[PDB]
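Chemist: Kindly generate the corresponding structure for this input.
(3 chains, ligands or ions: 6)
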Amino acid sequence: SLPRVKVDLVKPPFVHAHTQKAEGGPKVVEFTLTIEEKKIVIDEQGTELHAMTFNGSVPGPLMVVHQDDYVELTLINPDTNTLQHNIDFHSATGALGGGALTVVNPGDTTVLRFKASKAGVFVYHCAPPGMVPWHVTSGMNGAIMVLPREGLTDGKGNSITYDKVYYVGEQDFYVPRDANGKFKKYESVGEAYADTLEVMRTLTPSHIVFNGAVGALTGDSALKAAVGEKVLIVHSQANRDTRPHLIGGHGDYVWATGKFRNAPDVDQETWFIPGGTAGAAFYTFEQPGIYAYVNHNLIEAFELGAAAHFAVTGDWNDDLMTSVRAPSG
Amino acid sequence: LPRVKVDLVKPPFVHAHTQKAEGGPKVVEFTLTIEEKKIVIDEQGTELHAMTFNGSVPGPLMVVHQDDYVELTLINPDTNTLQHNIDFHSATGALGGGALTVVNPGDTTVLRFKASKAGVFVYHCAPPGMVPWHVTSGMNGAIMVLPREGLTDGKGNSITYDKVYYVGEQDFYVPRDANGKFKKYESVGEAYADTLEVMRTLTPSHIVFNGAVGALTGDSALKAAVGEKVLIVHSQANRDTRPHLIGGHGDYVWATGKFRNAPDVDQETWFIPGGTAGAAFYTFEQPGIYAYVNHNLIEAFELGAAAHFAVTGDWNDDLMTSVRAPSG
Amino acid sequence: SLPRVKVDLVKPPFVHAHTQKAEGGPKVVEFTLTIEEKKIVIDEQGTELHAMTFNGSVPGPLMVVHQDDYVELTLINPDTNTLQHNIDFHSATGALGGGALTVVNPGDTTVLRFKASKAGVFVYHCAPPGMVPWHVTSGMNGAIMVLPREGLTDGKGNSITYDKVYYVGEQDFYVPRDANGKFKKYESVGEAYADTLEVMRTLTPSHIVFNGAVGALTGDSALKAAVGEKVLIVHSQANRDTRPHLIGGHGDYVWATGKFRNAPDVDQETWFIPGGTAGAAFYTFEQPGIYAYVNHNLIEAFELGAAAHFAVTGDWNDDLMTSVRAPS
Ligand SMILES: [Cu+2]
Ligand SMILES: [Cu+2]
Ligand SMILES: [Cu+2]
Ligand SMILES: [Cu+2]
Ligand SMILES: [Cu+2]
Ligand SMILES: [Cu+2]
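Modeler: Numbers count the residues shown, from 1 in each chain, chains lettered A, B, ... in the order given. Ligands and ions are numbered 1, 2, ... in the order given. Right below this line is the structure:
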């Protein structure tokens, strides 16, 4: 008897249409995710792997509701998938975040409803009994943002409004190599398992990437902004620690634990998001040009793939920075 | 000052205590007996020469109130082969006690320190030149120094737990032969050279709660009920961890473990760096099996950092309901 | 046309002459950094490394200004060096922290000016296109302290003053090793690249050191303090997580993210500084003797080299800690 609404999800790093401030009282918000197992290319050398996805993407798409809305998820495992799957929302209470009520085999479908009682950004991930880390570290994870009914505060009594929100999902991949050091291909997802478990046990990723590949958020695919634009960056990591840093920027407000009822940290150079968490950072760009957004373990960033770009339009501010004498003899 | 003697218990249970103090400061007396012994740590029967306080991994949780004094009798029997001591993160001076408590086999020592600062703190062995070997062999525990007036939400309002559990997370470094089988050794001394080589790689063979894979599952699950308020103390002497309660949250969390600081609320996952104790306070609102993990899920499901909760009571349809159950 | 000042920089762990409170309005503060490539010895076994340094030290020297002052840096790359270099300030806004405006080949010089518009400690590092991690993990990093114009405060409005500030740069090195396990040597810095890149890809450092070498801040080089002295410890790590602990001590006030407008954590046993960050801990010594300052992954500390000593003079306090019975 509550008013129902239907969300059309979009591929990251973009986010579906939503309001910051809620319009009316509680809604039931309907989402559908279709599980897809498939081969993807994750680097410039052509390295491929059998990814396990929600809605065809790594990471899974960002779901947005407000506090005390109800989420109603349709989860679909088409008969062309080979494996069992489910979904665990960190935003929900009971039955392993819904893991225990959503076990779906190839050909099956389920529907889960939970109250979003708590404001913040949370991880969702697959967690099928006896093969949890294999599904999560194959790209079967995403995030949900639950906004306060009255939108965001600076935790010091003042309302704040973003112009745009991007979702950056970070993925640790564990691809086996042969004697030479070349990455290996496998005919089916099943045949990759034993060799993949050997690599996971070393706790050393082969690749760490944003939006499912080395360079996925650079070139044509760089994140667009402008001087004076307020931008919110949601960052998730289902399995492993990371330390985001905007090169040439700061985090004006950062919820590192990702929970908006807590006052944010201010003036951040680098922030910390533990494995199993989603964080968020609010920034106002003050300087045009190319910016890098990285994991500031710089081997993880520049060797293993954990690096994106922003392209920012606008006028240079000489007061903030100026070259007095350019490099020369 | 008045004197009290405490009877310590095996983790994850905690000795009798009160949240609020009764009367003024006390000298609280504890005894720990060092015990070197063989323990099994996984279901393939892997063995390890553990080094323990009171014969458990981790050591027992000690409980006092702020500005009480701790008087510790540390006994190293003549059946142990090694030199030992204790360092308390709760104490001020002499490497936390380390430099006043060096006991060889057959020796006894008594340390007294004032518990000036409120919070949960790591205690561990730290013998000159052998520090990480003893600590990663299980020789560590924790101490909870409660505020005289019990716990608050950092907003003036007192909060009261029904039950407290201590979870000790241990990283172990067991050597292998050329086959990839774990090695056994006749004495503890013979394990050193090979153990120091695995530690150099910073990759544990096992990460466990309460001394072994499966230690806090099945019969040994942690018991709770819908409406019960529970405090979970979690310690790691050597390596970072990220606790998560699967199907739950942390309503009040002290990630750094020091109660004069205002807690974080509505937490999914929280962060305890190596060399720290933390505490999370939760009220259960749903029944069933919960998992409590280190949310590096490779560390949890493959290396052994996983516990279960069994929770009794009535299911709440408003919070979560299966609309259509899984089928074609 | 504000007033100009010139700074003379010192070798860490010491810090150049500064005031906690600003004397007057905004200034333009001039610093000079001369890049130097050279061989250094990082352990007691004479392991050598081709280091990449700002002003010939690892870390580089601590720069100190006040909020809303301007930093004017002259960066010199002499013709005796072989590589391209530059500088990125985490404290600056635009052009990759200054990295895109400061690219100096051997024989080149550049001058950069930025407003220090935000209070805190911040990392500075070399970041040349396609060579970033190699330069940073070769020791080409330091930090800058942008003090608030009114000096440091606790959270709750009250002013706090240190008698001494020390700077601890933590460096993760990745030195290649041949099958037997002996550390390799190279004729030039360019010959070490290919083999160093392979060690880096394992994310496993060969060494972790304070002030450029195992035991660089022990013995004659121990940090000096006295009972009653207030000490600020700035700690940076440009690449990798660390978890500092003062063994026998605490952090009375900690800014773990290193940004002073945020309220500090109190009564910390162990604090956490993520890779790419500077943090700061304020402590008043209560007890004399030898203290250890460590990264509390004790493998990283005692086996890999992340360990320093304080020498503290003064009177022992029996109240805080006493030996009732000595080991026998
Ligand atoms: Cu799955
Ligand atoms: Cu999870
Ligand atoms: Cu011991
Ligand atoms: Cu310690
Ligand atoms: Cu350089
Ligand atoms: Cu940087």
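Chemist: neighbours around the closest residue to residue A:314 other than its chain neighbours, how many?
Modeler: Once flanking residues are discounted, residue A:314 sits nearest to residue A:227: 2.9 Å by CB to CB, 6 or more residues apart in numbering or on different chains. Every residue, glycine included, has its C-beta placed from N, CA and C. Per other CB atoms under 10 Å in any protein chain shown, the neighbour tally for residue A:227 reads 16.
Chemist: how far away is the residue in the stretch 151-300 of chain A that chain B sits nearest to from residue A:292?
Modeler: Residue nearest to chain B within the stretch 151-300 of chain A: residue A:276 (2.6 Å; CB to the nearest CB). According to CB to CB, to the nearest Å, residue A:276 and residue A:292 sit 26 Å apart.
Chemist: Please say which of these two ends up with more neighbours.
Modeler: A count of neighbours by other CB under 10 Å puts residue A:276 above the other of residue A:276 and residue A:292, at 29 against 22.
Chemist: Apart from its chain neighbours, what residue comes closest to the more buried one?
Modeler: residue B:295 (2.6 Å).
Chemist: quick one: that neighbour and residue A:241 touch, right?
Modeler: No. Counting by CB atoms under 8 Å, residue B:295 does not reach residue A:241; the two are 9.9 Å apart.
Chemist: Mutual contacts of these two, please.
Modeler: A:274, A:275, B:242 (CB atoms under 8 Å, 6 or more residues apart in numbering or on different chains).
Chemist: quick one: the last one and residue B:297 touch, right?
Modeler: No. In terms of CB under 8 Å, residue B:242 does not count as a neighbour of residue B:297; the distance is 10.2 Å.
Chemist: To what extent is the closest residue to ligand 5 within the stretch 1-150 of chain A buried, counted in neighbours?
Modeler: Closest to ligand 5 within the stretch 1-150 of chain A is residue A:44: 24.8 Å, counting by CB to the ion. By other CB under 10 Å, the residues close to residue A:44 number 10.
Chemist: just the one 10 residues further on next, same as before
Modeler: Summarising burial for residue A:54: neighbours were counted as other CB under 10 Å, giving 24.
Chemist: bridging residues for it?
Modeler: residue A:35, residue A:57 (DSSP bridges).
Chemist: list the contacts for the residue nearest to residue A:276?
Modeler: Residue B:295 neighbours (CB under 8 Å, 6+ apart): A:239, A:274, A:275, A:276, A:277, B:242, B:243, B:244, B:269.
Chemist: Export those as JSON lines, with columns for distance to ligand 1.
Modeler: Converted to JSON lines, these look like this (distance: CB to the ion, whole Å):
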{"residue": "A:239", "distance to ligand 1": "13"}
{"residue": "A:274", "distance to ligand 1": "22"}
{"residue": "A:275", "distance to ligand 1": "18"}
{"residue": "A:276", "distance to ligand 1": "17"}
{"residue": "A:277", "distance to ligand 1": "20"}
{"residue": "B:242", "distance to ligand 1": "21"}
{"residue": "B:243", "distance to ligand 1": "23"}
{"residue": "B:244", "distance to ligand 1": "18"}
{"residue": "B:269", "distance to ligand 1": "20"}
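Chemist: Need the max-distance pair from these.
Modeler: A:239 and B:243 (14.7 Å; CB to CB).
Chemist: Show me where the stretch 51-200 of chain A has its helices.
Modeler: Using DSSP state H, counting those that start in this stretch, the helices assigned to the stretch 51-200 of chain A run over residues A:132-136, A:193-200.
Chemist: mind putting those helices in TSV, distance to ligand 3 included?
Modeler: Shown next, in TSV, are the helices of the stretch 51-200 of chain A (distance: least, CB to the ion, whole Å):
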stretch	distance to ligand 3
helix A:132-136	33
helix A:193-200	32
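Chemist: Where do the helices of the stretch 201-329 of chain A begin and end?
Modeler: For the stretch 201-329 of chain A, the helices defined by DSSP H, counting those that start in this stretch cover A:298-302.
Chemist: Which residue would be the closest one in it to chain C?
Modeler: residue A:296 (2.6 Å).
Chemist: Show me the domain layout of chain A.
Modeler: A:1-148, A:149-315 (curated CATH domains).
Chemist: to the chain's geometric centre, what's the distance from the first one?
Modeler: Relative to the mean C-alpha coordinate of its chain, domain A:1-148 is positioned 11 Å out (CA atoms, centre = their mean, to the nearest Å).
Chemist: gap between the two ends of that domain?
Modeler: Domain A:1-148 has its terminal residues 22 Å apart, counting by CA to CA, to the nearest Å.
Chemist: Ok, stretch A:280-293 next?
Modeler: Terminal-residue distance, stretch A:280-293 (CA to CA): 13 Å.
Chemist: Next, work out how far apart residue A:31 and ligand 3 are.
Modeler: 54 Å (CB to the ion, to the nearest Å).
Chemist: can you check residue A:180 too?
Modeler: Distance of residue A:180 to ligand 3, given as CB to the ion: 45 Å.
Chemist: Looking at the stretch 51-200 of chain A, which residue is nearest chain C?
Modeler: residue A:181 (9.3 Å).
Chemist: what are the phi and psi values for that residue?
Modeler: phi 100, psi 10 (degrees, to the nearest 10).
Chemist: Strands of the stretch 201-329 of chain A, start to end?
Modeler: Under the criterion DSSP state E, counting those that start in this stretch, the stretch 201-329 of chain A contains strands at A:207-210, A:223-226, A:230-237, A:244-247, A:251-255, A:265-268, A:277-284, A:289-295, A:307-313, A:321-328.
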